[PDB]
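Engineer: part one of the assembly, not moved from where it sits:
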Amino acid sequence: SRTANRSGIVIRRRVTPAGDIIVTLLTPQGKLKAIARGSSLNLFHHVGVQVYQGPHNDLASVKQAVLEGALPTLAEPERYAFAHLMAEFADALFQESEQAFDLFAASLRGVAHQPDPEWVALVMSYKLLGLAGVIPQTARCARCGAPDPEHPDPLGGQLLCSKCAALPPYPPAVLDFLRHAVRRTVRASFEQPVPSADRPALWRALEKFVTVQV
Amino acid sequence: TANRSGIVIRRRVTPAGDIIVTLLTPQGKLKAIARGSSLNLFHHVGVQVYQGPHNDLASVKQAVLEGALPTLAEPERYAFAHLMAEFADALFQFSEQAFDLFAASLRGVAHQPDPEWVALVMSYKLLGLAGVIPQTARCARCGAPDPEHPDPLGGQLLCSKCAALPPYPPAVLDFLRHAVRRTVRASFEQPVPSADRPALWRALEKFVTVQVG
Amino acid sequence: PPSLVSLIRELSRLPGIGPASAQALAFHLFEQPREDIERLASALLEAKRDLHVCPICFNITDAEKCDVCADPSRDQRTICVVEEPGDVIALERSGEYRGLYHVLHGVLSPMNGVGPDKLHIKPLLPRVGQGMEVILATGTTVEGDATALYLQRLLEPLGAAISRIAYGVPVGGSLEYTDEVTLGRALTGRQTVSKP
């Protein structure tokens, strides 16, 4: 049959003034973008639904949408910006393995509940990138190849050596994380947070890294 | 939400794909709209329709066909039907009798071998049950008994002294006079000769034009 | 707002548009540029003037003839009469017809007041000539039915061949859920295959 029902999370939501709602889901079977005309189908819901596919309509229709679970807390300003981020990743990576789904899932869970939301977002950010096969390159300078570069790289979003570097070195906390960054477990990588004072460097870092890859 | 039995005496569409429709039911005429029996003109149908303040023209939920008369498309029986239903729509605004009558009309205009005859007879009965009687006995102008002259202004009958046009032929007169008394049964047995019907047509036309809108 | 009343009611005008449908549209319209709205009315009135009815068969076009008529690659053996322009299109679509359409522009209704005058019948008669085929593509509503019936019993004197598009159960549908009328007619209309 051409009619299938699946389990998902809404990582994107949109409307056209007709009252029709286009939506992007993340399912363990990959990402899937389905349309329905008319769970009320809300952003960040854990939902499940029947959707109809075919040549008749090349963007999948939607018949019955039913809510499994949900995370209200994500609206409060903090956890909010951070969610929208995580889902923007889920959308940019994971191109429609279930692993990514269980991860990003976990991300929303922890960005909702866990008391330090920005930390959740950093960690899960680099794990989401990583599982998706984008690894910050650390050991070798980006330009000359010198071991253990400690400086920001504006152009490539990688790390340059003091000799091949315009800006000062990322603080030791940010470096230690950056290096040992993708190896540690969520469990024990939450236990070793970058001091608040040094995160902004680490943010500005991640931003260009992503900008340049993704 | 109520469901009733009917016949479609009027049908119309707006380019949206919505079909507005007029039904005749024994409970009187009822005009319902359905968005989207496929509900065809002259069908004997029955349906569930939904009423309220929400929508002031009755909606339509399930339409189901009871009986139908295909023959009514063939050119003759066709013109004649459309007429009969135009009557059903003008009178009958209210007794089930009118419904069983106009019903019988469509039946007879469909099957009976002389459709024009059915249309005349049932025409004057449809008018009649509806309380519009050709006035015969008294001239329309002077009041003189047994007028036999077509009257243009009123659609009634003028005497020779009060008429510009010649007398309706004896067949048409005999019918006109004893018109509304006879039964369908025995009023079918006494048809106006073909040659004299056109007078009787042109007759009925003004009569109706002058009473009915 | 006096002129928003204009816009929105003028929306409620068109078919497919209810009161809150009109609202929705007017409002969504306020958020377009001067560009959109402008070129919108532009295309609107270009459609008004620049294109018109076709005298030969009354399918809509711009130039002196529709691409069904003027274009010589189509055969003159047959003409196909349809209720309106859409019918023309959806009929071309099936990919089963290379001939002529003629557009009546409406069906025959005495009640509604439609006589075969406003109907493009008369201008059809010239087009039918000795030994052609005419196919009757008016719809299957009693009105379209009757229209056809009349068209045939009128068209039979001129030498062409009158055929009328098949009544039956439509492609891919099961009887259980098909209506009594259509069933009956696809029961009678049935073609034969294997004969002794």
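Structural biologist: Here it is on my side, so go on. Residues are numbered from 1 along each chain as shown, chains lettered A, B, ... in the order given.
Engineer: what helix or strand is residue C:135 on?
Structural biologist: strand C:133-137 (DSSP states H and E).
Engineer: near chain B at all, whatever helix or strand comes next after that strand?
Structural biologist: Next in sequence after strand C:133-137, counting helices and strands by DSSP H and E, comes helix C:142-155. Yes - between helix C:142-155 and chain B, judged by CB under 8 Å from any CB of the partner chain, the touching residues are C:142, C:143, C:145, C:146, C:149, C:150, C:153. The C-beta positions use only the backbone N, C-alpha and C, and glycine is treated the same way.
Engineer: which strand in chain A has the most residues?
Structural biologist: As assigned by DSSP state E, the longest strand anywhere in chain A is strand A:3-16.
Engineer: quick one, domains of chain A?
Structural biologist: Residue ranges for the domains of chain A, per curated CATH domains: A:1-75, A:76-134+A:170-214, A:135-169.
Engineer: OK, contacts around residue C:189?
Structural biologist: Applying CB atoms under 8 Å, 6 or more residues apart in numbering or on different chains to residue C:189 gives the contacts C:166, C:167, C:168.
Engineer: what about the second one, how many neighbours?
Structural biologist: Think residue C:167. For residue C:167, the neighbour count with other CB atoms under 10 Å in any protein chain shown is 14.
Engineer: same question for the last one.
Structural biologist: Applying the criterion other CB under 10 Å, we find 16 residues in the vicinity of residue C:168.
Engineer: show me what contacts it?
Structural biologist: Counting by CB under 8 Å, 6+ apart, the residues that residue C:168 touches are C:182, C:185, C:186, C:189.
Engineer: distance of the residue in chain A that chain C sits nearest to from residue A:38?
Structural biologist: The nearest approach of chain A to chain C comes at residue A:17, 3.6 Å away (CB to the nearest CB). Counting by CB to CB, to the nearest Å, the gap from residue A:17 to residue A:38 is 13 Å.
Engineer: so how many other residues sit close to residue 148?
Structural biologist: You didn't pick a chain, so chain A it is. 12.
Engineer: the intended chain is chain C.
Structural biologist: 25.
Engineer: which bits of chain C sit near chain B?
Structural biologist: Looking at chain B, the residues of chain C close enough under CB under 8 Å from any CB are C:15-17, C:108-112, C:141-143, C:145-146, C:149-150, C:153, C:179-181.
Engineer: out of the residues you listed, which end up buried?
Structural biologist: C:17, C:108-111, C:141-143, C:145-146, C:149-150, C:181 (16 or more other CB atoms under 10 Å in any protein chain shown).
Engineer: thinking again about what came up before, the domains of chain A: which one's closest to residue C:86?
Structural biologist: domain A:1-75 (19.9 Å; CB to CB).
Engineer: add one more, call it chain D:
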Amino acid sequence: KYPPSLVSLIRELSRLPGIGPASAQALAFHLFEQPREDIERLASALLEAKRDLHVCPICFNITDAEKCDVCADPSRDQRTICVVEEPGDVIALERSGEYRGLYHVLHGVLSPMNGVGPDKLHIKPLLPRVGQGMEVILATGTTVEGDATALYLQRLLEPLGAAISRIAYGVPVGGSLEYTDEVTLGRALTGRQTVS
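Structural biologist: So that you can see how it sits with the rest, here is chain D on the chains above:
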């Protein structure tokens, strides 16, 4: 977290075609609020159906009798047989009032994909019923597997005497061309009957 009975009942309910699991629950809950009369009677009616009514030996239509009312009934002509996929299909054709013949109910179409050969359909016993000087109207659906089934049956039946017909494919009643599917349109167009 429901009493085990409930889950059973719900499951069985969901098995029925058309009952969404949601619906099956709603359905059981309500089933609860009804009296014991109501239930013991529903279930009874089921078992009594399973026991009483079987398949007619001639045409495999349903009945509690030794011959379906339609086979036994004398006013009908064995001159003709209408072969039709399912019982509901008989009901549907009969409503039309347009058919006085006999029936044959295959009870399904040919689906090779779903593992259905004419060892599954009631094709075999149709054969002795056809002979010289009868008509067999082939009433399978317009679905591909219906069409297919019709075809297979034409070829199977060819050797014995009878005439063979296929219920008309085309457009249903009160349809507009504009709003009918290209396939159906095509069929109607090719399949047109000629009159004059």
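Engineer: repeat for the contacts of residue C:168, accounting for chain D.
Structural biologist: Taking CB under 8 Å, 6+ apart, one finds C:182, C:185-186, C:189, D:167-172, D:187-188, D:191 in contact with residue C:168.
Engineer: same check on residue C:27?
Structural biologist: Contacts of residue C:27 by CB under 8 Å, 6+ apart are residue A:17.
Engineer: most centrally placed residue in chain C?
Structural biologist: For chain C, the residue nearest the mean C-alpha position is residue C:84 (2.2 Å; CA atoms, centre = their mean).
Engineer: which non-adjacent residue is nearest residue A:69?
Structural biologist: Leaving aside its sequence neighbours, residue A:69 sits nearest to residue A:46 (CB to CB, 6 or more residues apart in numbering or on different chains; 4.1 Å).
Engineer: what's the local residue count around that neighbour?
Structural biologist: 17.
Engineer: show me the contacts for it.
Structural biologist: Neighbours of residue A:46 in contact, by CB under 8 Å, 6+ apart: A:8, A:9, A:67, A:68, A:69, A:70, A:71, A:105.
Engineer: isn't the last one right up against residue A:9?
Structural biologist: So that's residue A:105. Yes - in this structure, residue A:105 is within contact of residue A:9 by CB atoms under 8 Å, at 6.6 Å.
Engineer: which one's more surrounded, the two?
Structural biologist: Counted by other CB under 10 Å, residue A:105 and residue A:9 do not tie: residue A:9 has more neighbours, with 24 against 17.
Engineer: show the contacting residues for residue A:14.
Structural biologist: By CB under 8 Å, 6+ apart, residue A:14 lies in contact with A:21, A:22, A:23.
Engineer: how distant is stretch A:68-83 from the center of its chain?
Structural biologist: Between the centre of stretch A:68-83 and the centre of its host chain there is 14 Å, according to CA atoms, centre = their mean, to the nearest Å.
Engineer: contacting residues around that stretch?
Structural biologist: Here stretch A:68-83 makes contact (CB under 8 Å, 6+ apart) with A:7, A:39, A:42, A:44-48, A:108-109, A:111-113, A:117-118, A:120-121.
Engineer: and if you look at stretch C:74-94?
Structural biologist: For stretch C:74-94, contacts defined as CB under 8 Å, 6+ apart pick out C:57, C:59-60, C:68, C:97-107, C:124, C:127-128, C:132-139, C:144, C:147, C:151, D:176-180, D:182-183, D:185-186, D:189.
Engineer: centre of the chain versus it, how much separation?
Structural biologist: That offset, for stretch C:74-94, works out to 8 Å (CA atoms, centre = their mean).
Engineer: now the end-to-end length of that stretch.
Structural biologist: End-to-end distance for stretch C:74-94: 16 Å, by CA to CA, to the nearest Å.
Engineer: next, the buried residues of it.
Structural biologist: Of the residues in stretch C:74-94, C:74, C:78-85, C:87-88, C:90-91, C:94 count as buried by neighbour count, 16+ other CB under 10 Å.
Engineer: chain E goes on too:
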Amino acid sequence: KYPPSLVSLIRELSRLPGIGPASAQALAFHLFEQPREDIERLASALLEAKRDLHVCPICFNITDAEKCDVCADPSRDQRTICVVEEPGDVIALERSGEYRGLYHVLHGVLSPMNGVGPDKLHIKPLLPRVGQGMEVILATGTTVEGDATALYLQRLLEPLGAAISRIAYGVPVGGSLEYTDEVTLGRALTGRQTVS
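Structural biologist: Putting chain E onto the chains we already have gives this:
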């Protein structure tokens, strides 16, 4: 012309809420094509539900046991009781995972017009359950006769100690104002919670 058994089965089927007579027929027909296992089992499941599972003495919610799992269950506080019209309503509130209290299920909403006084609902045994220092959350539907029932229960319950609450009327999740009914809107607007 239907087999007697068939007509029974169909009727019983039609009795079920949600089953149009059409649906009931389709449903019976299909019920036929199924094996005797399938049926004897369905019917068995029904009878075994009728016999096994019943209404809990404390809150009149369903169970096969002497106390509904929810009453028996120790993690829950008898400090509060949620009064609700029907068992499905318990399920629904429980899914929300947001409520740890006890329940009371009436099985009805006061309808004088339908002949329903609180001699019909399970209102009488609710009373001994409420006392000093408890909450009663009133969970009837937002329907007039629900609201009414809520009111009646507030007044009935006043004399005895407990606090009394009414589940918020307002706008649901993922709604827009634009597309919500004047009534609901009004309620939400008046019933707004203030924060700063």
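Engineer: re-run the earlier check on the contacts of residue C:189 with chain E in the model.
Structural biologist: Residue C:189 neighbours (CB under 8 Å, 6+ apart): C:166, C:167, C:168, D:167, D:168, D:170, D:193.
Engineer: do residue C:97 as well
Structural biologist: Residue C:97 sits next to C:80, C:91, D:189 when contact means CB under 8 Å, 6+ apart.
Engineer: any idea how far residue C:54 lies from chain B?
Structural biologist: 20 Å (CB to the nearest CB, to the nearest Å).
Engineer: one more: residue A:32?
Structural biologist: 31 Å.
Engineer: beta partners for that residue?
Structural biologist: Per DSSP bridges, the residues bridged to residue A:32 are residue A:25.
Engineer: wait, doesn't it sit right on residue A:60?
Structural biologist: Yes - counting by CB under 8 Å, residue A:60 is a contact partner of residue A:32 at 6.9 Å.
Engineer: now list whatever residues contact both of those two.
Structural biologist: residue A:51.
Engineer: quick one: buried residues of the strand holding residue C:135?
Structural biologist: So, applying 16+ other CB under 10 Å, buried residues of strand C:133-137: C:133, C:134, C:135, C:136, C:137.
Engineer: strand partners of it, parallel vs antiparallel please.
Structural biologist: strand C:78-82 (parallel), strand C:161-164 (parallel).
Engineer: give me the neighbour count for residue 43.
Structural biologist: You didn't say which chain, so I picked chain A. 18.
Engineer: wrong one, chain C
Structural biologist: 10.
Engineer: over to residue C:66?
Structural biologist: 22.
Engineer: ok so it is a helix residue?
Structural biologist: No - secondary structure of residue C:66 (DSSP: H, G, I helix; E, B strand; the rest coil): coil, not part of a helix.
Engineer: quick one: it and residue A:28, what's the gap?
Structural biologist: In terms of CB to CB, residue C:66 sits 55 Å off from residue A:28.
Engineer: which residues are in contact with the one residue in chain C that gets nearest to chain E?
Structural biologist: Across chain C, no residue is closer to chain E than residue C:176, which sits at 7.9 Å (CB to the nearest CB). For residue C:176, the contacting residues are D:86, D:88, D:89, D:91, D:92, E:26, by CB under 8 Å, 6+ apart.
Engineer: give me the nearest residue to residue 28, chain neighbours excluded.
Structural biologist: The chain I'm using is chain A. What sits nearest to residue A:28 in space, not counting adjacent residues and going by CB to CB, 6+ apart, is residue A:98, at 3.6 Å.
Engineer: wrong one, chain C
Structural biologist: Sequence neighbours aside, residue A:17 is the residue nearest to residue C:28 in space, at 3.6 Å (criterion: CB to CB, 6+ apart).
Engineer: next up, phi/psi of that neighbour, please.
Structural biologist: phi -50, psi -20 (degrees, to the nearest 10).
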